[PDB]
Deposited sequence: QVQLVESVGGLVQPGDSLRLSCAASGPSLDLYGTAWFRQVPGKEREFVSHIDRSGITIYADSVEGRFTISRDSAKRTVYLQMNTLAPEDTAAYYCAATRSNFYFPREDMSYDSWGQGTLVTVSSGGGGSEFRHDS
């Protein structure tokens, strides 16, 4: 499956990211958002499983909202702070057994998007 993602914002402002998918059996895929501060480790942000259950990183719990068009996954980002400046990546897997917060569980990835 192929993933396509959709900048500068004030502290307390909002922004929407989109992850468009294409390929065989799109309905079997679970999708996660990861982010990366330059020079730092990639960190989990949020995930929506094949059945529609959502989970979030404690740092964005209640601030961000992942959703899905019943073929695109969205990351709604609100009340942004300096600590949210990073490169954002969506990732997906049709695996029947995986730990969703681990980047090694995903074999399909978006090209990235820069959020400041």
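What the model leaves out of the deposited chain are the segments 1, 8-9, 74-75, 122-135.
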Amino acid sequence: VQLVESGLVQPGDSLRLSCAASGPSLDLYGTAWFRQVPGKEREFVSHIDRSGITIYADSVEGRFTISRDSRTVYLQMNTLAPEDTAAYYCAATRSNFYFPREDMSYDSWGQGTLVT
From here on, numbers count along this sequence of modelled residues.
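Averaged over CA atoms, B-factors in the entry run higher in 82-90 than in the other of 27-35 and 82-90. Set 14-22 against 99-107 and average the Cα temperature factors; 14-22 ends up higher. Annotation for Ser46: C-alpha temperature factor in the lowest third relative to the rest of the modelled chain, per the entry.
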